[PDB]
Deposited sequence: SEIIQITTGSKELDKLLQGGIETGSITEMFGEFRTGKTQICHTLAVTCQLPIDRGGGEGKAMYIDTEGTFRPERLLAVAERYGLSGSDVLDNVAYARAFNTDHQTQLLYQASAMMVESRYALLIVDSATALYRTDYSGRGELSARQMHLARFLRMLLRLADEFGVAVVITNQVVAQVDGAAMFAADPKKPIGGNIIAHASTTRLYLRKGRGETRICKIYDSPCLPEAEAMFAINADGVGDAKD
């Protein structure tokens, strides 16, 4: 059964039919500051929440390639949700991929870790940055993406990557005024296009306010 992890924003959660889905990949498009990395940091904490509070009751794994992982942000989100800051940090496993080979190798370690402890989320920010001969890189990336799908299938974790299989949800983020941001989703038998506004704060992703 699927678990939907809260993004911290009621509007964004509604757009996502509940939140970030375990068992599949959510691919977010946008540059740093559009909210993609902020969403990742928020999810690394909310995935630890009790299921009734919108969490996945599991640990988070964060593979960074940009050098933008910030433990202090996790502490702020933890305080916001009334969670132990120390426990939250101990429950987020982090690694920085040095190159594309390392990026893929980390998935083997990830799989071993998921056998030992319960994880609810795997973040890869960014899944493509290190890839930017050409055909060789494209095949390697394709393999990497299929491996992520296998992990989601095998362990039932939500896989969120920043930058497709039928189960992949693609989110296109853009800047709004000030701290507000907009997320847009496409081709949906329910609606051709749908959008939701959210905000990035010191303590994570929240709803946009006037």
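Several segments of the deposited sequence have no coordinates for C-alpha: 1, 134-140, 172-196, numbered from the first residue.
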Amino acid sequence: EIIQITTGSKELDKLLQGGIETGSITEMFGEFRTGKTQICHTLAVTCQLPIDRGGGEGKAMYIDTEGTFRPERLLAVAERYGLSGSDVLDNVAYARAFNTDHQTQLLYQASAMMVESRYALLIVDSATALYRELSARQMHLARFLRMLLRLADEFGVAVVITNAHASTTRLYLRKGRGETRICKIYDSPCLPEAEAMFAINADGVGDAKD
From here on, numbers count along this sequence of modelled residues.
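Stretches 122-130 and 67-75 differ in mean C-alpha B factor, with the higher average recorded for 67-75. As the entry records it, the average C-alpha temperature factor is higher for 187-195, out of 187-195 and 14-22.
Ranking 27, 57, 52, 153 by Cα temperature factor from the entry places 153 first. Taking the PDB entry at face value, the top CA B factor among 147, 157, 164, 61 belongs to 164. Among all modelled residues in its chain, residue 98 ranks in the highest third by Cα B-factor. Ranked against the other modelled residues of its chain, the C-alpha B-factor of residue 105 as given in the entry falls in the middle third. When the modelled residues of the chain are ordered by C-alpha B-factor, residue 33 sits in the highest third. Per the deposited record, the Cα B-factor of residue 175 falls in the highest third when ranked against the other modelled residues of its chain. Residue 91: CA B factor in the middle third of modelled residues in this chain (values from the PDB entry).
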